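Peer 1:
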Amino acid sequence: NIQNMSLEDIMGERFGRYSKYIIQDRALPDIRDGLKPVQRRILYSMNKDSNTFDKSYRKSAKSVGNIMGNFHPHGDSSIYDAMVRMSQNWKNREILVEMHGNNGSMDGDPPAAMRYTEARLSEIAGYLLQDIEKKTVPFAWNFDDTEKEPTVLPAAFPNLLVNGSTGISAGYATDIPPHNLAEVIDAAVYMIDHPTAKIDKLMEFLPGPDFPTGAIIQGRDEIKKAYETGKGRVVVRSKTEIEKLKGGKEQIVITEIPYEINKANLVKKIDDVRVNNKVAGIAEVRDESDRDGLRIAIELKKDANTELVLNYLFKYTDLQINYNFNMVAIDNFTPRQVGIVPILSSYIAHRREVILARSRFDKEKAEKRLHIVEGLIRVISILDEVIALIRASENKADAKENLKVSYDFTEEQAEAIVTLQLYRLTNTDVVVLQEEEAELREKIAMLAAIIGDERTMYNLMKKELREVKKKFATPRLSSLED
Amino acid sequence: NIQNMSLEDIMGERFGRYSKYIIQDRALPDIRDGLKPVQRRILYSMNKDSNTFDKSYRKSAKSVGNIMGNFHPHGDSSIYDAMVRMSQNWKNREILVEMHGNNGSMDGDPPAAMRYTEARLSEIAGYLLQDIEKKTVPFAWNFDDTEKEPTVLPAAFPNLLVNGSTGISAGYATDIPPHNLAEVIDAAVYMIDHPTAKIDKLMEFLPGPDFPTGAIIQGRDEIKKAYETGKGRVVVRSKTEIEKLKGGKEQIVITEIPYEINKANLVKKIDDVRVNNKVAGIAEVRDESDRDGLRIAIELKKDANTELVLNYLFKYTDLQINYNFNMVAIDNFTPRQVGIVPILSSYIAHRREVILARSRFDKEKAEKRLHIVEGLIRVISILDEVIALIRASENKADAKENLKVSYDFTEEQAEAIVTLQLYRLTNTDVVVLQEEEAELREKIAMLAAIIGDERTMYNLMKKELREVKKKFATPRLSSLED
Amino acid sequence: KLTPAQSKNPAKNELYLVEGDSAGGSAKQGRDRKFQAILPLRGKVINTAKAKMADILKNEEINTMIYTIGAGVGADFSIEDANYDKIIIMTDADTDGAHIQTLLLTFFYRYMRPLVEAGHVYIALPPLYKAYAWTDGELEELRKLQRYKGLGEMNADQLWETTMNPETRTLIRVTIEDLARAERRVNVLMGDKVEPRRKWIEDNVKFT
Amino acid sequence: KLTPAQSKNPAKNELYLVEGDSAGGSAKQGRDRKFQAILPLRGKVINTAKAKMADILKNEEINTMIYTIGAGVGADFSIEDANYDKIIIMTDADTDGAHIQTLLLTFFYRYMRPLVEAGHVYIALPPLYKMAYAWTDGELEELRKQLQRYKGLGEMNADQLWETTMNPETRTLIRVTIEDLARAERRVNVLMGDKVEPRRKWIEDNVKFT
DNA sequence: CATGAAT
DNA sequence: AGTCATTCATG
DNA sequence: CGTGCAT
DNA sequence: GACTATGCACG
Ligand SMILES: N[C@@H]1CCN2c3c(F)cc4c(=O)c(C(=O)O)cn(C5CC5)c4c3C=CC[C@H]12
Ligand SMILES: N[C@@H]1CCN2c3c(F)cc4c(=O)c(C(=O)O)cn(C5CC5)c4c3C=CC[C@H]12
Ligand SMILES: [Mg+2]
Ligand SMILES: [Mg+2]
Ligand SMILES: [Mg+2]
Ligand SMILES: [Mg+2]
Ligand SMILES: [Mg+2]
Ligand SMILES: [Mg+2]
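Chains as they are written, first to last, in the UniProt record's numbering: chain H, 3 to 484; chain B, 3 to 484; chain F, 415 to 544, 556 to 569, 577 to 640; chain C, 415 to 545, 556 to 570, 577 to 640.
1) Just to confirm, are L130 of chain B and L45 of chain B a CB contact at a threshold of 8 Å?
2) Near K445 of chain H, which residues of its chain fall below 6 Å by C-beta distance, leaving aside the five closest residues on each side in sequence?
3) Tell me the rounded alpha-carbon separation between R457 of chain B and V191 of chain B.
4) Residues of chain C with CB closer than 9 Å to the CB of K22 of chain H, please, in chain order.
5) List the whole-angstrom C-beta distance separating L155 of chain H from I126 of chain H, where the pair is believed to meet the contact cut-off of C-beta under 8 Å.
6) Compare the Cα-Cα distances from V459 of chain F to each of F:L591, F:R568 and F:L431 and report the closest residue.
7) Just verifying my parser: in three-state terms, what is the DSSP assignment at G438 of chain F?
8) By the 8 Å beta-carbon criterion, what residues does the segment 413-424 of chain H contribute toward chain B?
9) Hey, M504 of chain C and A441 of chain C: beta-carbon distance below 8 Å or not?
10) Let me know the secondary structure DSSP gives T505 of chain C once reduced to three states.
11) Measuring only from the beta carbon, is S79 of chain B closer than 7 Å to any heavy atom that is part of ligand 1?
12) Can you confirm whether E599 of chain F, when its beta carbon is compared against all beta carbons of chain H, has any partner nearer than 8 Å?
13) Can you tell me where the alpha helix (DSSP H) holding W632 of chain C begins and where it ends?
14) For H513 of chain F, collect the residues of the same chain with a Cβ closer than 8 Å to its Cβ; drop the 5 residues on either side in sequence, then sort them by chain order.
15) Pull up the CB-CB distance for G377 of chain H and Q415 of chain H, whole angstroms please, since I reckon it's below 8 Å.
16) Return the chain-ordered ranges of every beta strand (DSSP E) run that is complete within the segment 232-283 of chain H and spans a minimum of 3 residues.
17) Closer than 7 Å from C-beta to any heavy atom of ligand 6: which residues, in chain order?
18) Measuring only from the beta carbon, is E245 of chain H closer than 7 Å to any heavy atom that is part of ligand 1?
19) Tell me the residue span of the beta strand (DSSP E) that contains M526 of chain F.
20) With a CB to CB cut of under 7 Å and the five nearest residues on each side skipped, what residues in its chain are close to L467 of chain B?
21) Determine the closest residue to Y314 of chain B out of B:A351, B:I254, B:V330 and B:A359, with distance taken between C-alpha atoms.
22) Scan the segment 426-445 of chain B for residues whose Cβ lies nearer than 7 Å to a Cβ of chain H and list them as they occur along the chain.
23) Sorted by chain position, which residues of the same chain lie with C-beta nearer than 7 Å to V470 of chain H's C-beta, five sequence neighbours on each side aside?
24) With H, G and I counted as helix, E and B as strand and the rest as coil, what does DSSP make of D386 of chain H?
25) DSSP three-state call for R60 of chain B: helix, strand or coil?
26) Considering just the uninterrupted stretch of the beta strand (DSSP E) at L431 of chain C, what are its terminal residues?
27) Roughly how many whole angstroms lie between the Cα atoms of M448 of chain H and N49 of chain H?
28) Secondary structure at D109 of chain B, three-state DSSP: helix, strand or coil?
29) Mapping the DSSP letters down to three states, classify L208 of chain B as helix, strand or coil.
30) So what does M101 of chain B bridge to, in DSSP terms?
31) For the segment 64-76 of chain H and the segment 57-69 of chain B, state whether three or more C-beta atom pairs, one from each stretch, are separated by less than 8 Å.
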């Protein structure tokens with residue numbers, strides 16, 4: 003009825019369990035797909051349930067509950083919150099979930115409850131899943147042990163850098179800023195050609211973070227420190243403009259603010275400066291933002307030092323802040339502080355495994371089919387004899403042994419023939435079969451080449467990454483300075 | 003840009019719109035299956051999803067989310083709350099949902115939240131859904147116009163009386179108590195035989211309600227009144243016993259309390275009597291209910307008038323309460339107050355429709371095949387020339403045309419023939435086919451008779467009902483007095 | 415409780431009474447903050463024809479309306495000291511939406527008649543389908577569909593253009609036509625007595 | 415907050431500290447009213463090794479264990495005045511359950527050493543499996569000869591709870607004993623204390639990510 | 001005042 | 001993850 | 001302090 | 001249907 007345990011030998015076991023789990027399978031991203039497990043489950047699940055960009059929106063609660071019943075044994079609210087975030091275009095550079103309804107705002111206010119909103123995968127997230135049906139990625143069992151789920155996704159683009167991550171575990175934490183899709187691909191593509199590229203050359207392609215919120219990034223030197231070691235301190239400052247007004251008064255207008263900053267609160271803290279007369283000359287603060295543009299008007303008084311006021315807001319509010327790179331991620335089951343190079347290499351590494359796996363899958367499919375198509379071509383020239391032979395057989399199995407023995411068809415061919423539907427005896431035309439045979443041969447040749455030549459496989463990897471760039475590429479939002 | 007409307011008119015369209023909906027489509031049960039639309043959707047969805055008594059439990063949230071996305075466009079909470087209720091065996095005489103996890107108690111504490119619990123349909127619930135897949139009940143479109151849902155269930159047992167309903171709308175409310183499954187069926191069977199049965203006779207079989215919480219129901223006169231008009235007021239009193247304790251003191255011991263009564267709040271209120279000394283004599287009040295028994299000891303003082311106390315608790319607490327029949331259900335899309343008679347009429351009429359519909363469905367299947375099976379028997383008599391015609395035909399279309407024209411096969415046979423797999427040509431056995439022809443002919447005769455003879459049909463109804471009773475029948479819990 | 419307009423202006427300023435926090439939030443986003451305030455109604459509004467004026471006044475939704483409109487209640491009610499030119503009841507195009515419009519209206523008639531008889535109380539008409558259509562009639566005419581289950585799944589861009597934009601919006605004006613035919617109507621549908629309501633329901637509701 | 419035992423008796427009575435309300439509800443239902451109390455811990459418990467004694471005395475749960483066990487906190491802690499001779503920690507078998515235990519223990523250690531050291535602080539071992557019941561994958565496969579994977583406490587039904595974990599007869603129960611004051615002070619600070627570096631180290635040294 | 005589907 | 005209020009009819 | 005997956 | 005407080009690491 004009892005059994006004693008040491009307080010040491012027990013906090014040891016208990017905490018080690020929580021430690022490991024919350025590090026591997028909760029708070030930190032996989033280095034290759036750039037996803038935390040919950041994020042991966044949401045994606046994999048919605049995809050299985052056919053809830054994609056090309057098809058209707060699906061009531062959010064339906065997706066959440068399915069995720070919870072099949073893959074993620076945790077709170078409906080955690081799952082939804084995660085799902086909501088993936089859909090906010092001020093947190094993700096490239097949103098992975100599109101959502102109908104109130105999904106929040108930069109004012110930090112709450113999204114509509116899960117019963118109100120509809121959602122589906124964005125078109126680009128589909129590229130995170132591309133080729134999953136093709137045995138291209140290691141699966142594992144879910145908690146039920148009733149269904150298999152992916153441990154990583156195929157990632158047809160480098161999501162760790164593009165969307166970022168953040169990031170609180172046990173003993174480790176992670177902060178990775180978002181990046182411009184095209185810049186990241188341009189980098190990756192270069193490194194494919196140049197395995198030993200060094201940070202400086204890579205920075206000619208990937209100059210730095212690109213925040214969805216825009217604004218100005220200052221600190222080339224630190225960006226490099228970050229891209230090199232995983233840590234770095236950089237300055238983000240809001241995008242401002244000065245409008246002149248009637249009555250000789252000038253006015254500061256804010257149009258982009260720093261990533262991860264709450265517009266509503268920022269506005270209060272600025273108005274708080276005015277209230278407390280901490281700097282001389284602020285008339286009134288107004289959030290003038292509306293459904294299609296961010297705009298904070300800070301109207302000054304007549305005869306007021308406009309540069310004085312702007313410098314104070316930068317120093318003493320969040321009009322300007324420090325972003326801290328702390329790029330940690332999960333590489334070979336372990337938390338690892340990493341810079342631009344282990345990241346991109348790990349990605350290329352992974353995209354290689356996927357493409358090869360894919361091509362093996364497709365080759366096998368094509369071989370099998372070619373094999374059947376070869377037999378069907380033969381069968382046509384002996385159509386009548388084959389019918390006669392089947393008529394002469396006692397049952398299906400006997401028909402096959404007859405087909406083999408008498409015409410040297412193979413099991414797989416004989417089964418194919420014997421299970422043809424009668425009406426097929428009317429499409430007796432060799433030439434289209436001979437055209438399929440040819441397409442099939444070519445296809446196999448192309449895949450064998452991928453499989454048996456690293457240069458050919460990387461060239462595929464480059465063709466493909468460039469297609470993704472052409473398709474989803476967009477302009478920088480954040481500008482740089484040193 | 004702006005249209006005026008009268009307050010009298012605006013309040014008209016609004017209240018009519020809502021009144022009609024909350025009456026027809028929310029608060030009041032259909033008179034045949036006894037369900038409110040929310041409950042039907044719960045059962046139909048879980049059933050569609052194969053979440054049934056014979057298979058693992060699903061996470062409640064998976065179920066809830068599916069219901070919400072396909073059928074019932076409302077609170078995930080209301081849906082869950084409804085689903086939880088159909089699983090509490092102290093609210094439903096015969097529960098339709100089995101739930102793993104904290105789903106409540108008679109103490110009326112909250113059930114575990116949707117994220118914790120697991121559910122599946124009960125075996126009996128399956129009987130409410132029986133034959134749903136055989137086009138036995140009218141379907142409509144869901145709020146989406148994307149999927150058809152059933153409007154009433156086949157109801158292989160008279161759920162409306164067995165389980166009850168309750169019951170708040172606009173202009174109308176409902177209170178129908180639960181009854182013993184065996185008694186209800188006995189009456190329905192008697193009425194099948196004697197359509198014109200009088201309430202007095204029916205009550206020889208269905209003597210009154212049977213609460214799942216047992217207790218004592220007093221009022222034969224009013225039970226009758228209620229079964230005649232749908233309204234009546236009855237008394238429900240707790241099962242009690244007197245236990246003599248060590249030297250002089252007695253103990254009132256409660257073992258069954260009135261339906262819809264919260265054990266915890268009762269025990270409190272009985273103790274509040276002791277604390278206020280409204281009546282003299284109470285020493286202590288002890289809820290002693292464990293996990294497998296209900297027991298409330300009311301320990302009395304020495305020389306305490308134990309009738310005086312028991313009478314006072316009966317009057318001024320819920321140790322005894324009045325239950326009010328107000329049986330209103332939906333019959334022909336309309337609210338309707340009804341007694342025991344029209345209720346069983348409706349049930350029986352309904353089961354008639356179901357059994358008719360069901361038999362038409364099975365008969366159409368047996369026929370479609372018997373038709374194909376006839377054709378195949380013919381083909382064997384002329385295999386060589388039928389193969390020859392397909393050989394000679396231009397395509398599937400043409401082949402079918404020639405089969406019709408040259409040998410008088412019908413589209414449906416021509417389609418069967420032409421889509422046979424080649425290995426079928428091996429067979430020459432007409433006997434097996436002839437055996438199947440015979441079994442099919444017999445089956446159609448039996449089905450045709452049900453469809454064409456009111457009596458044959460009704461004996462089926464009776465037979466099936468009796469099977470339901472033999473299987474699910476359970477003893478009375480509530481005793482009757484006058 | 416409420417999200418207010420930026421400038422105080424009893425001549426343009428509008429109050430939007432929105433059914434639910436869900437829509438309450440989509441309106442905050444969709445609106446024009448200069449002259450448009452949002453006041454969420456979280457839950458079914460109390461019935462001011464049935465409840466004791468004791469409770470009627472101890473009610474959060476009811477207090478923050480008397481106090482957000484700033485004219486006071488009953489006859490202590492000064493239309494001249496109002497806070498909004500318009501008062502807009504924006505609910506879901508469902509039945510409970512209808513029901514909420516119904517409870518609000520009886521409160522504005524029972525306790526701020528000046529407002530209803532002055533034509534300041536309006537009711538928003540959200541679209542039912544997506556061009557946009559409001560009637561199953563103007564739909565198939567638009568067939569030359578995204579059925580809105582509620583204001584929830586509409587997006588601020590859409591909500592503005594379709595129903596909050598003073599230049600693009602349809603908007604019902606509530607107007608007392610016959611004072612006496614109006615008091616009878618309200619008191620039957622919303623009053624303490626059940627039987628006449630039932631009667632009304634039978635006489636007027638077509639179950640088919 | 416707390417569901418009390420029907421009869422005071424600082425000699426038999428037990429305190430069940432349960433992770434979350436759902437399982438706290440099932441515990442209310444499954445218990446033996448006469449001597450078993452339930453105190454639901456709703457949410458993750460404050461870290462008494464990291465946080466400032468100010469915030470600590472202001473933490474709802476902490477205050478309602480001190481004022482429930484009725485012996486005050488710290489060196490002002492009178493063992494002889496405890497209300498239960500058995501304080502039982504009942505968590506899910508998941509990792510966050512393992513976490514809660516970790517946090518509760520560092521509380522009693524830091525603020526009621528007298529209690530842990532008198533062998534009065536316990537941890538309930540619930541069953542992982544049911545096919556009978558099994559507690560460890562090993563004990564499991566032996567029953568597979570001559577499997578409802580309990581996802582957590584809120585999925586067990588009150589009569590099952592009682593039989594496997596709460597019934598003093600049919601239940602397995604860890605007793606938390608201190609064996610090395612100093613070696614069990616070092617282990618608590620590495621793991622639960624302000625400084626992050628030592629903890630990061632300990633993980634790298636002791637956790638096999640394989 | 002409590003009931004059970006709804007905001 | 002429990003809690004708070006309201007509608008609607010009925011005794 | 002605030003972040004985001006967890007209780 | 002929003003709200004309340006914890007863990008965890010990091011400036
Ligand atoms: N004005 C009311 C204060 C308490 N309250 C509830 C509530 F108590 C329960 C509930 C629920 O139980 C509940 C549910 O979905 O089951 C929903 N709500 C919200 C009205 C939408 C509730 C609300 C509404 C928000 C505020 C109001
Ligand atoms: N003792 C705490 C006071 C605040 N609080 C929360 C909470 F604020 C949020 C949440 C949540 O947001 C939340 C969620 O599912 O998202 C769950 N809980 C519960 C811990 C289980 C929360 C709890 C826990 C109950 C009481 C505690
Ligand atoms: Mg939460
Ligand atoms: Mg700053
Ligand atoms: Mg609720
Ligand atoms: Mg009574
Ligand atoms: Mg609605
Ligand atoms: Mg858990």
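Virtual Cβ for every residue (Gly too), placed ideally from N, Cα, C.
Peer 2: Once the coordinates are examined:
1) Position 128 of the second sequence, counted from the first residue, corresponds to residue 130 of chain B. Position 43 of the second sequence, counted from the first residue, corresponds to residue 45 of chain B. Inclusion of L130 of chain B and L45 of chain B in the CB contact set at 8 Å is warranted, their separation being smaller than that value.
2) Walking along the first sequence from the start, residue 445 of chain H turns up at place 443. Correct list, in chain order: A368.
3) Here residue 457 of chain B refers to the residue found at position 455 when the second sequence is read from its first residue. Here residue 191 of chain B refers to the residue found at position 189 when the second sequence is read from its first residue. Cα to Cα, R457 of chain B sits roughly 13 Å from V191 of chain B.
4) Locating residue 22 of chain H in the first sequence gives position 20, counting from the first residue. Per Cβ cutoff of 9 Å: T509, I633, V637, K638 and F639.
5) Stepping through the first sequence from its first residue, residue 155 of chain H is reached at position 153. Stepping through the first sequence from its first residue, residue 126 of chain H is reached at position 124. About 13 Å; that fails the 8 Å criterion.
6) Numbered from 1 along the third sequence, position 45 holds the residue referred to as residue 459 of chain F. The candidate whose alpha carbon is nearest that of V459 of chain F is F:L431.
7) As a first step, residue 438 of chain F is located in the third sequence; it is residue number 24 there, counting from the start. In the three-state scheme derived from DSSP, where H, G and I count as helix and E and B as strand, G438 of chain F is classed as helix.
8) Those residues of the segment 413-424 of chain H that come within reach of chain B (Cβ to Cβ, closer than 8 Å) are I419, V420, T421, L422, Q423 and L424.
9) Working through the fourth sequence from its first residue, we reach residue 504 of chain C at position 90. Working through the fourth sequence from its first residue, we reach residue 441 of chain C at position 27. By the CB criterion at 8 Å, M504 of chain C and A441 of chain C fall inside the cutoff.
10) Translated into positions along the fourth sequence, residue 505 of chain C becomes position 91. DSSP places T505 of chain C in the coil class of the three-state scheme, outside both helix and strand.
11) In the second sequence, counting from the first residue as 1, residue 79 of chain B sits at position 77. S79 of chain B Cβ: within cutoff of ligand 1.
12) Indexing the third sequence from 1 puts residue 599 of chain F at position 167. Output row for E599 of chain F: interface = no.
13) The residue given as residue 632 of chain C occupies position 202 in the fourth sequence. For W632 of chain C, the uninterrupted alpha helix (DSSP H) segment begins and ends at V626 to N636.
14) Sequence index remark: in the third sequence, residue 513 of chain F carries index 99 (1-based). Only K458 meet the Cβ criterion.
15) Within the first sequence, residue 377 of chain H is the residue found at index 375, counting from 1. Within the first sequence, residue 415 of chain H is the residue found at index 413, counting from 1. With a Cβ gap of about 3 Å, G377 of chain H and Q415 of chain H count as contacting.
16) Taking only runs of at least 3 residues, the beta strand (DSSP E) segments lying wholly in the segment 232-283 of chain H are 233-239, 241-246 and 252-258.
17) Going along the chain, the residues that qualify are B:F316, B:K317, B:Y318, B:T319, B:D320, B:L321, B:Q322 and B:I323.
18) For the purposes of this step, residue 245 of chain H is identified with residue 243 of the first sequence, where counting begins at 1. It does not: the Cβ of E245 of chain H is nowhere closer than 7 Å to a heavy atom of ligand 1.
19) On the third sequence, residue 526 of chain F is found 112 positions in, with the first residue counted as 1. First-last for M526 of chain F: undefined, no H or E at that position.
20) Reading the second sequence from its first residue, position 465 is the one you call residue 467 of chain B. Answer for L467 of chain B: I187, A190 and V191, listed in chain order.
21) Position 312 of the second sequence holds residue 314 of chain B. Comparing C-alpha distances from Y314 of chain B to each of B:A351, B:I254, B:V330 and B:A359 shows the shortest one belongs to B:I254.
22) Listed by position, the residues of the segment 426-445 of chain B near chain H (Cβ gap below 7 Å) are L427 and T428.
23) Numbered from its first residue, the first sequence carries residue 470 of chain H at position 468. The answer, listed in chain order, is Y129, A158, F159 and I187.
24) Within the first sequence, residue 386 of chain H is the residue found at index 384, counting from 1. Helix.
25) One-based indexing of the second sequence puts residue 60 of chain B at position 58. Residue state, collapsed to three classes: strand.
26) Here residue 431 of chain C corresponds to residue number 17 of the fourth sequence, with the count starting at 1. DSSP places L431 of chain C inside the beta strand (DSSP E), whose first and last residues are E428 to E433.
27) Taking the first sequence and counting its residues from 1, one reaches residue 448 of chain H at position 446. Taking the first sequence and counting its residues from 1, one reaches residue 49 of chain H at position 47. About 29 Å.
28) Here residue 109 of chain B is taken as the residue at index 107 of the second sequence, counted from 1. Under the three-state reduction of DSSP output, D109 of chain B falls in the coil class, being neither helix nor strand.
29) One-based indexing of the second sequence puts residue 208 of chain B at position 206. Assignment of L208 of chain B by DSSP, reduced to helix, strand and coil, places it in the coil class.
30) In the second sequence, the residue the question calls residue 101 of chain B occupies position 99. Answer by DSSP bridge pairing, in chain order: B:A121.
31) When C-beta atoms of the segment 64-76 of chain H are compared with those of the segment 57-69 of chain B, three or more pairs fall below 8 Å, so the two segments count as touching.
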